[PDB]
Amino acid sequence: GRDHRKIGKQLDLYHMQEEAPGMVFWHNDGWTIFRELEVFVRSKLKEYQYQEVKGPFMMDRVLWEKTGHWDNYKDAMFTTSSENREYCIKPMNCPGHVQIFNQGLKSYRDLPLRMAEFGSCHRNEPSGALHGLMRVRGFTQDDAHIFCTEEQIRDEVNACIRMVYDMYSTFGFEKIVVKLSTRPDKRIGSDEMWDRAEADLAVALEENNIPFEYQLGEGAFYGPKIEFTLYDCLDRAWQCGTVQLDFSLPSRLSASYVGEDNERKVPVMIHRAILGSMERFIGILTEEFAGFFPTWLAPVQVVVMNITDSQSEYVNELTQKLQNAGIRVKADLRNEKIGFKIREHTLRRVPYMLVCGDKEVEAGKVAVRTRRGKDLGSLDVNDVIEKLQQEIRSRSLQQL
């Protein structure tokens, strides 16, 4: 029993309905998980030196036909109109990122320019194939685009690779399969361009001792790509990560920069996503942990509870201390038995349950108990807050 649909209903994370096929209603607790995942990605964006931008939801069809994706993907577009002009709701964030790149004069000094976005994308997929958070219409891509020179591709692909494995290992995903898609029959650019582009991805992987299988037929018309597939605890494959070279879209959208020789060069563009889809990754995480989210991701991290009315003031004071320390905490002061209380929050998958009786109030302590059923006993209040802070801020998979 690890269905994300089931756990999503039980823990009141999200729901879906027929009026909005493949588009998620995020409830309070599920939206908390979403935002903590977002905060985690932002810390990595800062570490790996990315800008974070936000592009518009719609854009003119005139611009979308200039991208070169229209013929292959017009059936997957959501279109709307206003004042005799047809606009596409964006399925990808790349054209919008080029529009920001084109504002102001760029030079080689500004490259590599790394532009990230939590980009809300909509794709008009057949409704019959939709299921849960795994196959959806509306989703949020942990997207970024790297504008760089031909000489900087090698280093930026290395950095993307490091960022992929770093982020996957945070959630305990160590079994990764890597696939390098080579030149297709369609394709733009010369054979010498594809020789170099394919070598840049291959050597970057080889130098990091990462084994990979070639995918000969597959690969986009605008460049080769690396795709990363993680494996969950049921040994199910999930293609999440991508690193995709592009020698087309920047030229077609009039992107350029002044080089060191004062000539106009078209920048090389690297598409990349790691989690793939925020909704989809949450689904995978919900199943991986079976509702037992690590404390940093958990909607409710601690519940503090009393035995009788005698300890209510102490529990309220302890609740405020935990809230002051940046912990998501609730107080359970109901007139129920301690076994009833602990069970409700053990079923809700609350990492820690802080019991406070007369023993604990007089001592300045708290009786800590995990959702796994491990009784840690009466511990000092300041010691508990300190260890919870470390677990949350280090983003540890394991409890005490």
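Whichever C-alpha set is largest while still superposing within 1.5 Å between the two forms counts as the rigid core. The numbering used is simple: start at 1 and walk along the sequence shown.
Of the two segments 65 to 73 and 51 to 59, the one whose CA positions lie farther from the displayed form in 7 other deposited structures of this protein, once all are superposed on the rigid core, is 65 to 73. With 202 to 210 and 133 to 141 as candidates, the stretch whose CA atoms show the greater average offset from this form in 7 other deposited structures of this protein after a core fit is 202 to 210. Taking the PDB entry as given, 333 to 341 carries the higher mean Cα B factor of the two stretches 333 to 341 and 48 to 56.
Comparing 116 to 124 with 320 to 328, the higher mean C-alpha B-factor in the PDB entry belongs to 320 to 328.
Reading the B-factor column for the CA atoms of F101, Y108, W296, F289 in the entry, the top value corresponds to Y108. You'll see in the entry that, of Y165, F147, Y314, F228, the Cα B factor peaks at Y314. Compared with the other modelled residues of the chain, the Cα B-factor recorded for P224 ranks in the middle third.
Sort the modelled residues of the chain by CA B factor and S248 lands in the middle third. Ranked against the other modelled residues of its chain, the C-alpha B-factor of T346 as given in the entry falls in the middle third. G259: CA B factor in the highest third of modelled residues in this chain (values from the PDB entry). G132 sits in the middle third of its chain by CA B factor, as recorded in the PDB entry.
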